[PDB]
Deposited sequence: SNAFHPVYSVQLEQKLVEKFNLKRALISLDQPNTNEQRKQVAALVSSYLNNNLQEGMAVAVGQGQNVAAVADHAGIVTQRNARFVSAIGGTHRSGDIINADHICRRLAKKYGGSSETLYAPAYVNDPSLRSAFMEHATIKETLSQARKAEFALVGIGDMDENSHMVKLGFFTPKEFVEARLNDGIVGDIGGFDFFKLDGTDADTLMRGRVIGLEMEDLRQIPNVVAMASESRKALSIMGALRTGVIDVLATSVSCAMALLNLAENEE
């Protein structure tokens, strides 16, 4: 697994690769991946630094990991709006409690049904200020999701099932990062209608955050993880042995 880390770092231009042994199910896998990320943050997140935090189960596992961490006054800033899916805001609050710092809420919903409503929220001074804080963070903590993980935008009524299938088929979206931006298998940003329905950071923000820590546990989602690595924004990849093997195979071939 340490040999795997070196190959991943070399192959994908990472700062680090944190690889957990394969577990019996996805819950257990997320916990073990989250353990390595928790320790990484414990050692690296200094007082006065900030983390831009995305949403969902991979990220939530880091907040829920019950390991020992030193207390420091760090900030946890939502990188995506709230939901009425584990909310980035809730995760930041749990992280602040765990690591001994503070959290900073993005006062806007995660999803809207129209890019004009998106624009209206995004131009608002209160929303812009928090997004600027997240853009200026030293770290980002994000999950890599597959299209099926985003299906809640549809089930919540913000995007049609027809539009959703078309994002995949017409626009070639194979995954999301942090919940807030979407990519193709080749790592390019696809103009997709999807992102017009989300309030949060974008891919270019992640490209300029020094330490983007991205997390995925499921090897069946290796295409999404590959797409995400191809965007070039990831600095620390935390994942399982099988995912690592899959990525190296896909890259070699």
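The chain's deposited sequence has unresolved stretches at 1-8, 93-96, 266-267, with no C-alpha coordinates there.
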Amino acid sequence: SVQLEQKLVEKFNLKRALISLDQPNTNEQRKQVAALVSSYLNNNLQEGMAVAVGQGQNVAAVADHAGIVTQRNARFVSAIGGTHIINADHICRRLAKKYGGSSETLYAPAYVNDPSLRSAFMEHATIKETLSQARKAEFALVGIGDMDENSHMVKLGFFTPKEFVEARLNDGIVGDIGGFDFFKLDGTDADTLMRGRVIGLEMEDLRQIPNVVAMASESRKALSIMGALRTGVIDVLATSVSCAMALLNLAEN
From here on, numbers count along this sequence of modelled residues.
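For the two regions 205-213 and 66-74, the entry's Cα B-factors average higher over 66-74. Averaged over Cα atoms, the B-factor as recorded in the entry is higher for 151-159 than for the other of 151-159 and 166-174.
Of all the options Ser102, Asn113, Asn87, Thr105, the entry's greatest CA B-factor is assigned to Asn113. Split the chain's modelled residues into thirds by C-alpha temperature factor. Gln23 is in the middle one. Annotation for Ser219: CA B-factor lies in the highest third of the chain's modelled residues. When all modelled residues of the chain are sorted by CA temperature factor, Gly227 is found within the lowest third.
In the PDB entry, a CA B factor belonging to the lowest third of its chain's modelled residues is recorded for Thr130. Compared with the other modelled residues of the chain, the Cα B-factor recorded for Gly200 ranks in the middle third.
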